[PDB]
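Chains as they are written, first to last, in the numbering used here: chain A, 29 to 565; chain B, 7 to 134; chain C, 2 to 295; chain D, 75 to 164.
Beta carbons: idealized from backbone N, C-alpha and C, even for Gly.
Have a look at the structure below before the remarks.
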């Protein structure tokens, strides 16, 4: 039961799949037609995939090589040479072929059940799961797809290499879930996924943006391109008083996207400082464990969700409160959503439940995101800001010094490691990060023979180590009570590629074990105040 | 130009302890000094000093030319015995066109550069 | 062989490693005429034959892999030990680690380490070591231990391996210059001591300078692989009444071979068994090699 | 840099360098016994391996010594024509 209405030629004919040239008919048995060659299987018709990386001819060639029965391309494609069925059809329109790849009944079920798209610059996945939990608490089973895992419908998420899977494969999975095991099939994609065409080829019931800003500026080549694409996709399939435009009023791209489309759709703002949005925290309970706010709005719920971040998590909770109140006016239904938001997900994780020093696992690789997360932690961090991260090999060489500078500018003590060696020589990119503060690995090593370790001119401190595990355990152990340790090297990722081989030894269980054994370390008498641990005798 | 300093000393020895027609001249001493100076494997500095001593002993017959002063400065500098290097420089300067010789198109480690860099580290700036 | 008079495989007299015993007759027993390589398998499918000559058993060499790093006797034995001259550490301290169980604490100055006692060889491992391992990840301890705790001669090999010669000269000259302060102006006992240090210093500078320009790497003194003499030169013919026909070379060789095999297995067989089991036999391997060499 | 504190150099050499070099070379004559003399020579092979074989060989391996075979005993070991008499080529 992978899909339906895709194993007959009449089903493709009803789907307006006009290729202008076909041989015989689509008699080959195929559960669901997939535009992508990798998503399609042997003996299954594969329509042309429209994309900047892979064109129609390349997609048809890859499908014929993989064994697809039918391959669509602008020119004549010899798909029957290496296929299980001699019948094939070449469609000269790549976009039309990619649209007709999804079956009619397959696209109809996901469009009829429900749909919720969340394409934001920052904090989109934090609100997507909250909206999914709110919809689940409402009484309708649904799934929210993310960049880490593609989940068309249902609680479980299938493994996908790319951030946004194929549109035809996503539609087939959504139809299979809606057939049995799921009541709603919501397709949620980020700005890049929406601009590529993953979530664009799906009727979205509610299309709101968590954070509208310059997204895919280097890829699309023009600002507000992803917002315009999302607005066009929402206007393609829009219903009166059914689409939600909940977005921060401070962002001009959000207002520009809300201006486009059908005006009959409901519009609302989730800004806290704006008086027109009528939403406001009106509470002072920010903490590393839970930050509860008493929202006082006419449409929004009274209680808010406990967020780990000061403003980002609060903004995500405010954006999700609108989607939670749209289904049910009562605030009691948002209790499950608030509990799921406080569950400390992979992204911007909160501290551990055990009584110990705060540990925050974040996903920060780009300089701007790292800087904003560091600023939010400084605003949240009461006493100290301890961070440990590293750079990836064969990456942007100019990114390491600016990252090291932005980290050392606002952190008292920072540890520099090798987050992703990936065949690059160690102690080389580490020296690149050390050169940002003007130090060289020679200066540090010759100081390490002594027991002084002079600090930075601004008064801060900087440490480094080659291996990631020991340094991370030390950073988790070198922390004060009121201080919190931030690990911005990797978040939901669980892969460390040290050279040619990769090891999956990066997770929060190691931090939990370290926080559990720090008691025994302190009982033994070891000093974990600085990098040179004072070992007794 | 071989790389093995000894092959040249053997030819020198045939000359130094031979008849008058075959005796060494200033060009000869200079070729042997090059071998020792531009050699890549062993200390070869005591050797240069001894050779210089022989030349001084034959003073009446042989007197130095510009390449002599040039070659000498490279050896003493590269080996970090800067005090003698400066004594020799006094001579190359008196000659005209000298600096050009010491920097042999920058071919072998830029000897002219090496001198200056060293003089500084040693704080011998009056000499600089 | 035991009463078979055929060389065993992987044996001190093995044909395949050391060449054939009778010309042209391979391990199997067939004869192909050497002098012709036109259609002769240099190595037979059934066995490594090397069909050409028995002369090779005179010149062919074989090597033995050792699990544990070991140290050559000559460099250590001389009073002006070459290793000691390079080390600039007390001779007793480097030797104690080598022949007795004592553990260095700061083996490599090359890479930064979180633990910071920076100690020398210390007899007591009583410092919490189990809780440290429990706190640390599996092998997280290994990375830390390798950086810090040191034993046997792997430590010497590693300390010798990352050393700065150009720097060594600088320190030495300065120390040599400082010494001699108030020289030649004290009680007989004192001057003697002042001088002995004074020389150790010159000797050490010299060794290092040579190393800079000589193409010989200082770490090679501790030995990873071990060489074996060609099989004929140790005839070890059956002691058919000769009673000394078997070589002592062969007798000494077996011992090193044995202890080494016991260790390779011990580590593979018993990761669980403590360093005490490995420590016991490390010393044993070293001693066999020592007798074989000098 | 040129000379280390305790070394043995030859008289003609030292004298030559002294004229040339203003650097102070301080030296005094040492009478060497017949036995000591052999141990300090140009050839590790024979001239020096006549008594302390292990000790010489070790020092040399470390220093990568190169011996130009210019004497009699050395060429005998190598089984090659000695450079004396009929062997001296002229």
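One finds nothing in chain C with a Cβ atom closer than 7 Å to the Cβ of residue 117 of chain D; even the nearest lies about 19 Å away.
Going by beta carbons, residue 68 of chain A and residue 141 of chain A fall outside the 8 Å limit. Distance from the CA atom of residue 109 of chain B to the CA atom of residue 54 of chain B, rounded to whole angstroms, is 20 Å.
If you check each beta-carbon in the region 211-222 of chain C against every beta-carbon of chain B, the ones closer than 7 Å belong to 214. Classified as buried, residue 344 of chain A has 16 or more neighbouring CB atoms from the shown chains inside 10 Å of its CB. Among the CB atoms of chain C, one or more fall inside 8 Å of the CB of residue 136 of chain D. Fewer than three pairs of CB atoms, one per stretch, sit closer than 8 Å, so the region 153-170 of chain A makes no contact with the region 122-134 of chain A.
Judged by beta-carbon spacing, residue 294 of chain A lies within the 8 Å limit of residue 273 of chain A, meaning their Cβ atoms are closer than that value. Of all alpha-carbon atoms in A/143, A/237, A/246 and A/346, the one lying nearest the alpha-carbon of residue 267 of chain A is that of A/143. Shown here, residue 492 of chain A sits in a strand according to DSSP, grouped into three states. The residues 108, 114, 115, 116 and 117, in chain order, have a CB closer than 8 Å to that of residue 51 of chain A in the same chain once the five nearest residues on each side in sequence are set aside.
A Cβ-Cβ contact shorter than 8 Å links residue 417 of chain A with residue 516 of chain A.
Taking the beta carbon of residue 48 of chain B as reference, the chain C residues within 7 Å of it are 214, listed in sequence order. With a threshold of 16 other beta carbon atoms within 10 Å, residue 101 of chain C falls short and is exposed. The Cβ of residue 495 of chain A sits closer than 8 Å to at least one Cβ of chain C. In this structure the region 332-344 of chain A touches the region 366-381 of chain A; the number of beta carbon pairs closer than 8 Å is three or more. Not flagged as an interface residue toward chain A: residue 81 of chain C, since no C-beta distance is shorter than 8 Å.
Scanning its chain for C-beta atoms nearer than 7 Å, with the 5 sequence neighbours on each side dropped, one finds around residue 101 of chain A the residues 76, 84, 85, 88 and 118, in chain order.
Three or more beta-carbon pairs separated by less than 8 Å link the region 191-198 of chain A to the region 226-238 of chain A, which places the two stretches in contact.
Within its own chain, the residues whose Cβ lies closer than 8 Å to the Cβ of residue 296 of chain A, once the five positions on either side in sequence are excluded, are 272, 273, 274, 305, 327 and 350, listed in chain order.
A direct Cα-Cα distance of roughly 16 Å separates residue 79 of chain B from residue 128 of chain B. Taking every protein chain shown into account, the CB of residue 106 of chain B has fewer than 16 other CB atoms within 10 angstroms, so this residue is exposed.
Here residue 559 of chain A is near residue 115 of chain C, since their CB atoms are less than 8 Å apart. Residue 225 of chain C is positioned such that its CB atom lies closer than 8 Å to that of residue 70 of chain C.
Residue 99 of chain C and residue 280 of chain C have their C-alpha atoms roughly 11 Å apart. For residue 67 of chain C, the enclosing beta strand (DSSP E) stretches over residues 63-72.
Taking C-beta atoms as the reference points, residue 362 of chain A and residue 331 of chain A count as a pair closer than 8 Å. Cβ proximity to chain C below 8 Å picks out 78, 79 and 80 from the region 76-92 of chain D. In terms of Cα proximity to residue 228 of chain C, the closest of C/138, C/144 and C/290 is C/290. Taking the Cα of residue 95 of chain D as reference, the smallest distance to any Cα among B/37, B/56, B/116 and B/22 is reached at B/56. Scanning chain B for C-beta atoms nearer than 7 Å to the C-beta of residue 95 of chain D yields 55 and 90, reported in chain order. Against chain A, a Cβ distance below 8 Å from residue 141 of chain C picks out 495, 497, 498 and 501. Non-local C-beta neighbours of residue 412 of chain A in its own chain, meaning closer than 6 Å and more than five positions away in sequence, comprise 440, 508 and 511, ordered along the chain. The C-alpha of residue 210 of chain C lies about 36 Å from the C-alpha of residue 231 of chain C. Contact with chain D is found for residue 86 of chain B, since one of that chain's Cβ atoms lies less than 8 Å from the residue's Cβ. Taking C-beta separations shorter than 7 Å and ignoring five residues to either side along the sequence, the partners of residue 161 of chain A in its chain run 364, 365 and 368, following chain order.
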